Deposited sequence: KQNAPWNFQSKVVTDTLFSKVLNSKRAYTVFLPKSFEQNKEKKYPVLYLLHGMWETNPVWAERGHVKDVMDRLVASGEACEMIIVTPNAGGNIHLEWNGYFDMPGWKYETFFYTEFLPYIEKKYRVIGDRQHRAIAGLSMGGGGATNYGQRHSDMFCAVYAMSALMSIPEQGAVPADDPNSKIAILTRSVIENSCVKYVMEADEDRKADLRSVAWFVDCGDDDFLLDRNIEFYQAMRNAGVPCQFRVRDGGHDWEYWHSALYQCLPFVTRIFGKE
């Protein structure tokens, strides 16, 4: 019979001059109805991690099979690009950095390739983004600066900016990532907003989910407080737990129904 499946493949990036793996979830109907188009969720991993973690430890396919069957989530393409690895040798991060223009890769190469190949609807209304930790920050800032591309953002234990609680080499990959995250602080972006920016932020649906024992809780609180104070509607949840995969797996049961609601 027909079944949802997880596929891992690769795309060569001219921007990065590098092979880029990615892992994709394909709905049960994908091979059955060759004409059907789908919403898409870009689902980003955290630092040190690589593309397969959402399928393998997040159990994306099993959660989707549950929620699709109950109607709580719609069939959608879910994809996780590789933006990680051993931080000492491999570039971690989602923004354009000196020597590593990941964001340019994401929008000019990755997204076009994926949405063509996996039959994504292709409009803003059916494109959402979510992620954990470093990926939560990437998801959030992508939503902030590309509000014309995303209808919803679900930020898990997100690296909204660098916590208050340092590499010896200021020119190492992790040092470069640190400065990139600071420069693109999701908190700062909201705090410095004029009325036009506030109005754009309001065109996006936001959901912030971070555990009470998480070292990034304080930065997510600042993000939520800035949003709430700026009059930008935003859901905020602080559940039991910390910076771990039980938090991120369980977050999927809130995330997938949330983006489904916004898609519709």
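Unmodelled regions of the deposited chain sequence (numbering from residue 1, in sequence order): 1-6, 172-174, 274-275.
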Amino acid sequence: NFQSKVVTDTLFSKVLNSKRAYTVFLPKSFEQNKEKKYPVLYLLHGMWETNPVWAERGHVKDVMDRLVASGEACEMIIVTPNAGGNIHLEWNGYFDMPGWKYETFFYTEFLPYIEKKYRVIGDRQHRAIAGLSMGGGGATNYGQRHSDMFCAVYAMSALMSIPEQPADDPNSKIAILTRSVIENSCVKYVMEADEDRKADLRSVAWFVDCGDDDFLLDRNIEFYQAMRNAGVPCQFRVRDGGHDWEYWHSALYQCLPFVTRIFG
From here on, numbers count along this sequence of modelled residues.
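Legend: mean Cα B-factor per stretch from the PDB entry, 205-213 versus 31-39; the higher mean is in 31-39. Mean CA B-factor, 92-100 versus 69-77: the higher value falls on 92-100. Placement of the Cα temperature factor of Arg239 within the chain: lowest third of the modelled residues, per the deposited record. In the deposited entry, the Cα temperature factor of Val60 sits in the middle third of values across the chain's modelled residues. When the modelled residues of the chain are ordered by C-alpha B-factor, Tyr22 sits in the middle third. When all modelled residues of the chain are sorted by CA temperature factor, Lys198 is found within the highest third. Remark: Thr260 belongs to the lowest third of its chain, ranked by C-alpha B-factor as recorded.
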